[PDB]
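*Asks:* Sharing a structure with you now.
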Amino acid sequence: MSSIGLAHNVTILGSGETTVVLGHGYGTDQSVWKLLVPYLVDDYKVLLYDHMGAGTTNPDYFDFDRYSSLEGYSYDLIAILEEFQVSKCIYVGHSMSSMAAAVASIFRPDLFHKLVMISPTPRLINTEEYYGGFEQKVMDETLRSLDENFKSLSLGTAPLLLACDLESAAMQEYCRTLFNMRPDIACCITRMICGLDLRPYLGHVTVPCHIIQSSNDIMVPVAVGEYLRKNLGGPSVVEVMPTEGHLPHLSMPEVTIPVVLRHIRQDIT
Amino acid sequence: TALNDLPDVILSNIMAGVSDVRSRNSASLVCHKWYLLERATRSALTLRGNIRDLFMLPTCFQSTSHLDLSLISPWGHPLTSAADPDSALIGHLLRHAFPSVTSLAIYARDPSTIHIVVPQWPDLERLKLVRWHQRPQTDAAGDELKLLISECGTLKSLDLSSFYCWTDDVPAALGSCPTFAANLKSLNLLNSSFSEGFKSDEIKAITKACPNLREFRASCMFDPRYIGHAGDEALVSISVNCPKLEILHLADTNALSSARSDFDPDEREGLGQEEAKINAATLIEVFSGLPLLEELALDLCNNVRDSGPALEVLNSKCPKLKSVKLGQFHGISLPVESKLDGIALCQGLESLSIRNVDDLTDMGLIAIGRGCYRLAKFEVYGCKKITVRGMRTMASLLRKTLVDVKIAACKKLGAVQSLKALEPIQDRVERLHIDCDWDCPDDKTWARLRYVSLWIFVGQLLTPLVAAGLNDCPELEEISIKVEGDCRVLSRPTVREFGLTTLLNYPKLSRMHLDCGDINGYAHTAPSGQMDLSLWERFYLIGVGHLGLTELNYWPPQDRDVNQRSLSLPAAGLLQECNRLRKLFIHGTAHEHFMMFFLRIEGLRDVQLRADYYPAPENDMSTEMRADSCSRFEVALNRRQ
Amino acid sequence: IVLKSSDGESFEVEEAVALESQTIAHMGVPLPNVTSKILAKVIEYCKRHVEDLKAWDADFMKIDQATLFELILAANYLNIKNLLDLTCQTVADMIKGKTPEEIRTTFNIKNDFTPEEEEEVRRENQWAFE
Amino acid sequence: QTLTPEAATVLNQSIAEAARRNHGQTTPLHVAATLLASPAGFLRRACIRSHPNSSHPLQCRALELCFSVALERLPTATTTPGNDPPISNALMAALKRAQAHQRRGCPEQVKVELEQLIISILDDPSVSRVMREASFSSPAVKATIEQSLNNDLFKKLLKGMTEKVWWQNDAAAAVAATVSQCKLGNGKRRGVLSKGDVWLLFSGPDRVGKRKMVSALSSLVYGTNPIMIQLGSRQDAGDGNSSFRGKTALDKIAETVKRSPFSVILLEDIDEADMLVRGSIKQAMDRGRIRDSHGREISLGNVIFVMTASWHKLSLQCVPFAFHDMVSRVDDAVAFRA
């Protein structure tokens, strides 16, 4: 078909006037929604795609200059939506990908009818007044590991560091999929995420947002949901589920899927 | 004199003898005469390429007789689809490129694939269908199998040992045209992916349709608990309907599985352990009905007891019998005083394979050795009573002919015990299999040893292999390792590496099978404080670059819960370090970023991701494999100079 | 029976050894196409076949390439299937495990392939799983 | 002399073109270029049909161009033009291949027809090689040409369940009858072949009595405890098994059936189950095997299945239209009294 549809492995399923766009998280691909897609194809038009950093995409198309900032991902998402004639889409995103969708909505409000977010966060590095992510030091370890893996691959030696070698046991679950990419692309995406912060821009989002978090999550504090509700510029709702892990939509489908489907089908927020 | 001065007929004769395809390709580049000779002489071809560029198919292979289309990239892709009208042209393309095909193996992803490709060769003699994917929905049973029946068809052998389907498809297809079934001289249905084995009625109908069968293998259901399970009537129907049988292989579907936790009665949570509807009298009648029988294999997951009389009748009623494989048959060897009995009376056996025999003792092994003096291959599995003395003496008795020994899951026979047991035949054995069990309580040159198979539980090390006795193997060339187990319950290894560098001890080693695919673990998300599968892949693959491997088959560990066998980053990184690799097959999935790691290997020619397990990923959305990724990788590999 | 070589030498042949060769069995019996050493190398094999095997056969193969070519020619002319196919297999053993240049060098072979033709043959060969 | 009049014509025109340039030998490239001429020939139509990019008219003339340059690459021969150049070995090869392809296509029974000839000369390595650089693949057009050419028990359990659930005597007798008859073989059949799986729909408002009912039936016929799967808004601290990890309700059902092919399975609130689960149950009841979320097929065995319904013998008037197919296709439907 189109070049954008071939560079992102875009697939269209289902039928009906309403379109659901599933944006996977960093380190995985559209395969993470294989448990959710059957629940939607009956009465929705599901659009699945892989963002350019994903392992299923061509490593050559990856532009280190464009994708050193989240604006690149938001622009890519807008291009994908506009190519496939998708308007008033319903966006379901995982962590830090829903942020890109939110920025895209800031630029192009007409494309997004609602935003459903799974464990999102505006800024990943917590400051003294901001408890909305992880300490800088605990993530410095993961940056070091990714840099060492890239160095090892440059010399032709195997990259021998994983997220299982960190000590947080929460960085292990958070950063597990960050090592599921080519080491240089992994370094680039990780540095972008570390430098990312959308706190100023939270007031410009007008589309409704449906924040979904895990009960007593060790990884992203539950208070971030209330923080976003207070700073978001549009209607917002927060639901908490008794799930765990970085990928509740895959590891615990019988609990996560009902929540996501409900938030998709109810508009009142 | 030089060869070009030789007459051409003995050139065709001499050059039909190079079977090594790499050597054949090398010979084709010698000169014009040699090229023409090779192209007119090549008989077996396994097609290598992508579906997209299949119209760039060479026509130089006009004289091939056996054609293998199941390895067309992307692996498992529908070669012909009903969605594209020009897919009708693929049949003609193949028909014209290989006009002299008699044996065919094709991947039958879709019914249209069969209906377009198979009837192309009226002289087709042997057919092998492969499908590890889902069975497409059809109007009735056997609709995709009915497409095999062609007007001018004379199909003689049908192979469905890897073609997943409903067991009701076979009898429906076989009943639709009596000519097609009568022409059949061989039928292989030994598919382990069947959810349940064939019913009694289905076996009866299958054998009634095909009275001329010479070889018959089937995956039957022998559990008495189920309804319509195959029992005595099924076997007597086999004996009555197929009197010309020379090979008879009935095994339960669980017995065919790669994982020992599926067929081992000890490892099943009380499953099995109950008698089948198989009597000694019924076995006697069955063996009496097959005077021409040559190869027998009855591998059940349900016990059959007091089978000694049946095995004795085997010796009188099957003079041509050469190979016997018995699964959970008890009392096969019950010696009294000194008179041989049971299987020990089959003096004509050449290979014997027994499994989970409760009655067997050391005297049983001694009787088997003394009676079956022509035995050349012996396989024993899961016998809790036999010891090193009995097995060593049985080896010494058969020291003149025994060249292939497998000793697995024997409680009292560890790795060191097995190697000590094989001492009398140490300088003659060629193929060897042991379990790397280091916890079993209670001049050394393997001069002819060429193949070693190992089984080891997950988390154990391989370093003690040298101290176990397998020290000096000058001729050892291929080793196959299978690792099984559930690592979700296991802690982090205290030792950093599995120890593949220990395999540097054998200088001639050039091929490997690393089957970790039966390890269950956590793919991308571990619950809390657990270790994901990438850690175990690193633990197992470290040091694989040091070995001068030239071929490598790798089975990534799986996560049964989410159904994925992904290749991790450390796995790809370590496999990249193998510079000498020529062929590299990975029986799993890997996305483009990791697949492109392998272009660093200079000598690498054949690479493929083969999902030959059930169930294979249905489409690109459900896994991390994409068709475009495969095409880009292949184009990059071919272009490398 | 007594046979005569091309050079005129005579050798004694057993009846079963004679029946080994279809050409001899169907037909002094001069052999004007084979030399003395050819019979001196083939008769022991014929006798051994008429009446350990692997090692002895490998030892008997331990002959130079040219002598071997004379042997296979003699087997064809005498039309002995076993000797001829064993000989051709033995030669084809040195075919395997060698590059085309190695085959040419070991076999004084002259190369008449243009680079374009070599590339095309390689392209055709890339379709076969080695 | 072994060719049709038209094939003889086109061969001698190839020859005449060979004699006009004196380029040594009559290579099949020349006869292919001859086929490009005489626009009534089939090669033009075949080429335009084979490649979508070939629909452009001047690409066919670009084919002529690439043939022509290769001909220009042929050194000339010092001979009089008033002669026939020796046709190359490749041409005898092509003609013999044409003869053979003609022979095989009608095994019942030679003058070679035009299409066999053109196939044969596309088979020539040089013609195909030249076409390859011209974005044309000889096998595709060749296949196109070839394709165009085609134009007791009852009471022994009734007493126990009447002991347990004495307020549901009539429904208990009805279910006793249906379970005993399907077990004995007097039940529904999956087509002509008999089936072992039993499918029961348990309507009515009494939930605890229904649960003790199925527990008693399990403990009597199979001597085992039932299996606690819920589907509706009835989840509690037992069904919500995170230990299963990546399993939905359908995955749980399939795994339980696989691991325990001999027990009773009760499904809670089939009315509040998702359309996906209900569709999966319909597929299982038709095809006799349950498919889970990964597409694996699992044989139902003969497991006793009971669906705990709540709509108000089961009357068809009280069943919503969506669940009518289930009732029609279920083995039996039992209504519990209030």
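Each chain in the structure tokens gets a letter, A, B and so on, in the order shown; residues start at 1 in every chain, and ligands are counted from 1 in the order they appear.
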Within 6 Å of chain A, which residues of chain B show up? Give each one with its shortest atom-to-atom distance in Å (one decimal) and the two atoms involved, counting only C-alpha atoms, rows by chain then rising residue number, as a tab-separated table.

*Replies:*
residue	atom	partner	partner_atom	distance
B:529	CA	A:169	CA	5.8
B:570	CA	A:160	CA	5.8
B:573	CA	A:158	CA	4.1
B:574	CA	A:158	CA	5.2
B:591	CA	A:56	CA	5.2
B:592	CA	A:56	CA	5.5
B:593	CA	A:55	CA	5.3
B:621	CA	A:31	CA	5.4
B:622	CA	A:31	CA	4.9
B:623	CA	A:31	CA	5.2

*Asks:* Taking only C-alpha atoms into account, produce a table as CSV in which each residue of chain D with an atom at most 9 Å from an atom of chain B appears once, together with its shortest atom pair and the distance in Å to one decimal, ordered by chain and rising number.

*Replies:*
residue,atom,partner,partner_atom,distance
D:123,CA,B:59,CA,7.2
D:125,CA,B:60,CA,8.8
D:132,CA,B:56,CA,8.7
D:137,CA,B:56,CA,6.4
D:138,CA,B:56,CA,8.0
D:139,CA,B:55,CA,5.6
D:140,CA,B:55,CA,5.6
D:142,CA,B:93,CA,7.8
D:143,CA,B:93,CA,5.5
D:144,CA,B:89,CA,6.8
D:146,CA,B:92,CA,7.2
D:147,CA,B:89,CA,7.1
D:194,CA,B:227,CA,9.0
D:195,CA,B:227,CA,8.0
D:196,CA,B:227,CA,6.6
D:244,CA,B:561,CA,7.7
D:245,CA,B:561,CA,6.7
D:246,CA,B:561,CA,5.4
D:247,CA,B:561,CA,7.0
D:261,CA,B:226,CA,8.9
D:262,CA,B:225,CA,8.6
D:289,CA,B:195,CA,8.9
D:294,CA,B:563,CA,7.1
D:295,CA,B:134,CA,6.9
D:296,CA,B:615,CA,6.3
D:297,CA,B:195,CA,6.7
D:298,CA,B:195,CA,5.9
D:299,CA,B:195,CA,6.1
D:301,CA,B:226,CA,6.9
D:302,CA,B:226,CA,7.6

*Asks:* Residues of segment 542-601 of chain B in alpha helix (DSSP H) according to DSSP, as JSON, numbers by chain?

*Replies:* {"B": [569, 570, 571, 572, 573, 574, 575, 576, 592, 593, 594, 595]}

*Asks:* Can you check which parts of chain C lie within 8 Å of chain B? Per residue, the shortest pair of atoms and distance in Å to one decimal, counting only C-alpha atoms, sorted by chain and number, as CSV.

*Replies:*
residue,atom,partner,partner_atom,distance
C:66,CA,B:1,CA,6.4
C:69,CA,B:1,CA,7.1
C:73,CA,B:6,CA,7.9
C:76,CA,B:10,CA,7.8
C:85,CA,B:14,CA,7.3
C:88,CA,B:14,CA,4.6
C:89,CA,B:17,CA,6.0
C:91,CA,B:14,CA,7.7
C:92,CA,B:18,CA,6.2
C:93,CA,B:18,CA,7.5
C:95,CA,B:23,CA,6.9
C:96,CA,B:23,CA,4.9
C:97,CA,B:23,CA,6.4
C:98,CA,B:23,CA,7.2
C:99,CA,B:26,CA,5.9
C:100,CA,B:30,CA,5.3
C:101,CA,B:30,CA,7.6
C:103,CA,B:30,CA,7.3
C:104,CA,B:30,CA,6.9
C:107,CA,B:2,CA,6.9
C:108,CA,B:2,CA,7.4
C:109,CA,B:30,CA,7.9
C:110,CA,B:31,CA,7.7
C:111,CA,B:31,CA,6.0
C:112,CA,B:31,CA,6.1
C:113,CA,B:31,CA,6.4
C:118,CA,B:29,CA,6.7
C:121,CA,B:29,CA,7.0
C:122,CA,B:29,CA,7.9
C:124,CA,B:58,CA,5.9
C:125,CA,B:25,CA,6.1
C:126,CA,B:48,CA,7.2
C:127,CA,B:48,CA,4.6
C:128,CA,B:48,CA,5.2
C:129,CA,B:46,CA,5.5
C:130,CA,B:21,CA,5.0

*Asks:* Output C-alpha atoms of each residue in that selection to a file, as a PDB file, in the first residue's frame.

*Replies:*
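Once written, again00.pdb looks like this:
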ATOM      1  CA  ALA C  66      45.688 -41.791 -13.233  1.00  0.00           C
ATOM      2  CA  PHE C  69      41.085 -43.540 -14.314  1.00  0.00           C
ATOM      3  CA  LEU C  73      37.751 -47.162 -18.040  1.00  0.00           C
ATOM      4  CA  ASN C  76      33.283 -49.734 -18.173  1.00  0.00           C
ATOM      5  CA  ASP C  85      30.242 -47.744  -9.349  1.00  0.00           C
ATOM      6  CA  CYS C  88      33.178 -43.638  -9.656  1.00  0.00           C
ATOM      7  CA  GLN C  89      32.097 -43.106  -6.053  1.00  0.00           C
ATOM      8  CA  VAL C  91      36.635 -40.441  -7.475  1.00  0.00           C
ATOM      9  CA  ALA C  92      33.511 -38.410  -6.605  1.00  0.00           C
ATOM     10  CA  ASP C  93      34.750 -38.445  -3.035  1.00  0.00           C
ATOM     11  CA  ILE C  95      34.795 -33.892  -5.736  1.00  0.00           C
ATOM     12  CA  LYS C  96      33.183 -33.120  -2.380  1.00  0.00           C
ATOM     13  CA  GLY C  97      34.700 -30.671   0.064  1.00  0.00           C
ATOM     14  CA  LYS C  98      36.479 -28.664  -2.634  1.00  0.00           C
ATOM     15  CA  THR C  99      35.923 -25.321  -4.319  1.00  0.00           C
ATOM     16  CA  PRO C 100      35.709 -25.199  -8.132  1.00  0.00           C
ATOM     17  CA  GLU C 101      39.275 -23.886  -8.291  1.00  0.00           C
ATOM     18  CA  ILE C 103      38.701 -29.243  -8.524  1.00  0.00           C
ATOM     19  CA  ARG C 104      40.376 -27.582 -11.500  1.00  0.00           C
ATOM     20  CA  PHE C 107      42.202 -32.284 -12.079  1.00  0.00           C
ATOM     21  CA  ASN C 108      44.212 -30.103 -14.567  1.00  0.00           C
ATOM     22  CA  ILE C 109      40.823 -28.600 -15.534  1.00  0.00           C
ATOM     23  CA  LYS C 110      40.626 -25.617 -17.844  1.00  0.00           C
ATOM     24  CA  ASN C 111      38.151 -22.861 -16.915  1.00  0.00           C
ATOM     25  CA  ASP C 112      35.931 -21.504 -19.729  1.00  0.00           C
ATOM     26  CA  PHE C 113      33.418 -19.585 -17.580  1.00  0.00           C
ATOM     27  CA  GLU C 118      29.745 -17.710 -13.195  1.00  0.00           C
ATOM     28  CA  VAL C 121      25.206 -20.035 -12.258  1.00  0.00           C
ATOM     29  CA  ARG C 122      25.706 -18.857  -8.677  1.00  0.00           C
ATOM     30  CA  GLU C 124      20.661 -20.253 -10.003  1.00  0.00           C
ATOM     31  CA  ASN C 125      22.405 -22.216  -7.250  1.00  0.00           C
ATOM     32  CA  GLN C 126      21.131 -19.796  -4.605  1.00  0.00           C
ATOM     33  CA  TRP C 127      17.688 -21.423  -4.959  1.00  0.00           C
ATOM     34  CA  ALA C 128      18.750 -24.756  -3.414  1.00  0.00           C
ATOM     35  CA  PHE C 129      19.021 -25.404   0.312  1.00  0.00           C
ATOM     36  CA  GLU C 130      22.520 -26.799   0.749  1.00  0.00           C
TER      37      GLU C 130
END

*Asks:* Restrict the distance test to only C-alpha atoms, flag each residue of chain C within 12 Å of chain D, and return the flagged residues as a PyMOL selection string.

*Replies:* chain C and resi 116-117+119-121+123-124

*Asks:* Near chain A, which residues of chain D fall within 10 Å when you count only C-alpha atoms, and what do they look like as an mmCIF file with C-alpha atoms, in the first residue's frame?

*Replies:*
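The resulting file, out02.cif, is reproduced below:
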data_model
loop_
_atom_site.group_PDB
_atom_site.id
_atom_site.type_symbol
_atom_site.label_atom_id
_atom_site.label_comp_id
_atom_site.auth_asym_id
_atom_site.auth_seq_id
_atom_site.Cartn_x
_atom_site.Cartn_y
_atom_site.Cartn_z
ATOM 1 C CA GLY D 240 -9.818 -14.161 40.177
ATOM 2 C CA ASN D 241 -6.691 -16.263 39.749
ATOM 3 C CA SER D 242 -3.725 -14.074 38.876
ATOM 4 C CA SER D 243 -1.682 -17.271 39.222
ATOM 5 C CA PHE D 244 -2.921 -18.202 35.751
ATOM 6 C CA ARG D 245 -1.201 -15.095 34.305
ATOM 7 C CA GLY D 246 -1.985 -14.635 30.610
ATOM 8 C CA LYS D 247 -5.311 -16.463 30.663
ATOM 9 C CA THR D 248 -8.747 -14.996 30.061
ATOM 10 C CA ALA D 249 -11.993 -16.770 30.958
ATOM 11 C CA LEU D 250 -11.880 -18.760 27.719
ATOM 12 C CA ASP D 251 -8.260 -19.713 28.377
ATOM 13 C CA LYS D 252 -9.203 -20.830 31.888
ATOM 14 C CA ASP D 274 -19.005 -11.669 26.872
ATOM 15 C CA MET D 275 -20.138 -12.179 23.293
ATOM 16 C CA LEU D 276 -16.683 -13.648 22.680
ATOM 17 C CA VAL D 277 -17.087 -16.342 25.347
ATOM 18 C CA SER D 293 -7.183 -17.580 22.951
ATOM 19 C CA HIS D 294 -4.115 -18.937 21.128
#

*Asks:* Tell me which protein, DNA and RNA residues are within 9 Å of residue 323 of chain B, counting only C-alpha atoms, leaving out same-chain ones fewer than 2 positions away, and put them as a PDB file with N, CA and C atoms, in the first residue's frame.

*Replies:*
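Result file result39.pdb:
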ATOM      1  N   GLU B 294       7.464 -56.416   9.142  1.00  0.00           N
ATOM      2  CA  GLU B 294       8.898 -56.236   9.283  1.00  0.00           C
ATOM      3  C   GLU B 294       9.283 -55.263  10.381  1.00  0.00           C
ATOM      4  N   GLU B 295       8.513 -54.196  10.580  1.00  0.00           N
ATOM      5  CA  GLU B 295       8.783 -53.205  11.609  1.00  0.00           C
ATOM      6  C   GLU B 295       7.531 -53.005  12.446  1.00  0.00           C
ATOM      7  N   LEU B 296       7.655 -53.199  13.754  1.00  0.00           N
ATOM      8  CA  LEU B 296       6.541 -53.045  14.677  1.00  0.00           C
ATOM      9  C   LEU B 296       6.884 -51.988  15.709  1.00  0.00           C
ATOM     10  N   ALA B 297       5.917 -51.126  16.011  1.00  0.00           N
ATOM     11  CA  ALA B 297       6.086 -50.119  17.047  1.00  0.00           C
ATOM     12  C   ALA B 297       4.744 -49.870  17.709  1.00  0.00           C
ATOM     13  N   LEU B 321      10.535 -60.126  10.717  1.00  0.00           N
ATOM     14  CA  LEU B 321      10.568 -59.052  11.698  1.00  0.00           C
ATOM     15  C   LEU B 321      11.999 -58.640  12.001  1.00  0.00           C
ATOM     16  N   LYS B 325       9.502 -51.818  18.591  1.00  0.00           N
ATOM     17  CA  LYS B 325       9.480 -50.708  19.535  1.00  0.00           C
ATOM     18  C   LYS B 325       8.254 -50.852  20.419  1.00  0.00           C
ATOM     19  N   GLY B 348      15.558 -62.622  15.461  1.00  0.00           N
ATOM     20  CA  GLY B 348      15.751 -61.867  14.246  1.00  0.00           C
ATOM     21  C   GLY B 348      15.743 -60.369  14.398  1.00  0.00           C
ATOM     22  N   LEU B 349      15.559 -59.855  15.608  1.00  0.00           N
ATOM     23  CA  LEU B 349      15.514 -58.414  15.798  1.00  0.00           C
ATOM     24  C   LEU B 349      16.867 -57.790  15.503  1.00  0.00           C
ATOM     25  N   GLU B 350      16.836 -56.621  14.871  1.00  0.00           N
ATOM     26  CA  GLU B 350      18.036 -55.828  14.650  1.00  0.00           C
ATOM     27  C   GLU B 350      18.085 -54.581  15.514  1.00  0.00           C
ATOM     28  N   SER B 351      16.931 -54.017  15.860  1.00  0.00           N
ATOM     29  CA  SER B 351      16.859 -52.863  16.738  1.00  0.00           C
ATOM     30  C   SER B 351      15.684 -53.030  17.687  1.00  0.00           C
ATOM     31  N   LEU B 352      15.924 -52.729  18.960  1.00  0.00           N
ATOM     32  CA  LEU B 352      14.927 -52.906  20.004  1.00  0.00           C
ATOM     33  C   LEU B 352      14.815 -51.627  20.811  1.00  0.00           C
ATOM     34  N   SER B 353      13.592 -51.132  20.969  1.00  0.00           N
ATOM     35  CA  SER B 353      13.329 -49.927  21.743  1.00  0.00           C
ATOM     36  C   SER B 353      12.203 -50.205  22.726  1.00  0.00           C
TER      37      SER B 353
END

*Asks:* Show me a table, sorted first by chain and then by increasing residue number, of the residues of segment 66-122 of chain C having an atom at most 9 Å from segment 41-50 of chain C, each with its shortest atom pair and the distance in Å to one decimal, counting only C-alpha atoms and written as a tab-separated table.

*Replies:*
residue	atom	partner	partner_atom	distance
C:71	CA	C:42	CA	7.9
C:75	CA	C:42	CA	8.9
C:83	CA	C:45	CA	8.5

*Asks:* List as a list in words the protein and nucleic acid residues near segment 190-193 of chain A, meaning an atom at most 9 Å away when only C-alpha atoms are counted, but skip any in the same chain fewer than 3 places from it.

*Replies:* residues 67, 68, 69, 70, 96, 123, 124, 142, 143, 146, 178, 185, 186, 187, 196 and 197 of chain A

*Asks:* Write out as a ChimeraX atom specification the set of residues from segment 13-257 of chain A that DSSP, computed on the backbone, places in strand (DSSP E or B).

*Replies:* /A:13-14,19-23,45-49,89-93,112-118,123,125,134,197,209-214,236-241

*Asks:* Can you pull out the residues contacting residue 82 of chain D? Cut-off 10 Å, using only C-alpha atoms, and skip same-chain residues under 5 positions away; I want them as a list in words.

*Replies:* residues 16, 19, 20 and 22 of chain D

*Asks:* How would the residues just chosen look if you wrote them out with N, CA, C and O atoms as a PDB file, in the first residue's frame?

*Replies:*
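As written to disk, result-v7.pdb reads:
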ATOM      1  N   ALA D  16      16.531 -14.535 -42.063  1.00  0.00           N
ATOM      2  CA  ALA D  16      16.768 -13.409 -42.958  1.00  0.00           C
ATOM      3  C   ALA D  16      17.383 -12.238 -42.208  1.00  0.00           C
ATOM      4  O   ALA D  16      18.259 -11.542 -42.733  1.00  0.00           O
ATOM      5  N   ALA D  19      20.947 -13.001 -41.829  1.00  0.00           N
ATOM      6  CA  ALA D  19      21.740 -12.848 -43.043  1.00  0.00           C
ATOM      7  C   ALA D  19      21.930 -11.386 -43.423  1.00  0.00           C
ATOM      8  O   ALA D  19      22.768 -11.076 -44.277  1.00  0.00           O
ATOM      9  N   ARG D  20      21.159 -10.477 -42.823  1.00  0.00           N
ATOM     10  CA  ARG D  20      21.286  -9.070 -43.188  1.00  0.00           C
ATOM     11  C   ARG D  20      22.412  -8.394 -42.415  1.00  0.00           C
ATOM     12  O   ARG D  20      22.910  -7.341 -42.828  1.00  0.00           O
ATOM     13  N   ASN D  22      25.048 -10.523 -40.867  1.00  0.00           N
ATOM     14  CA  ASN D  22      26.215 -11.394 -41.017  1.00  0.00           C
ATOM     15  C   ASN D  22      26.945 -11.595 -39.692  1.00  0.00           C
ATOM     16  O   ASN D  22      28.175 -11.582 -39.630  1.00  0.00           O
TER      17      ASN D  22
END

*Asks:* Could you tell me how far atom CA of residue 552 of chain B sits from atom CA of residue 444 of chain B, in Å to one decimal place?

*Replies:*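 Interatomic distance here is 28.5 Å.
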
*Asks:* Could you list, as a list in words, every residue within 12 Å of residue 189 of chain D, counting only C-alpha atoms and ignoring same-chain residues fewer than 5 positions away?

*Replies:*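 The contact residues come out as residues 181, 182, 183, 194, 195, 196, 197, 198, 199, 285, 286, 287, 288, 329, 330 and 331 of chain D.
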
*Asks:* When you look at residue 217 of chain B with a cut-off of 7 Å (counting only C-alpha atoms), what residues show up, excluding the ones that are within fewer than 6 positions of it in the same chain? I need them as a PyMOL selection string.

*Replies:* chain B and resi 187-190+248-250
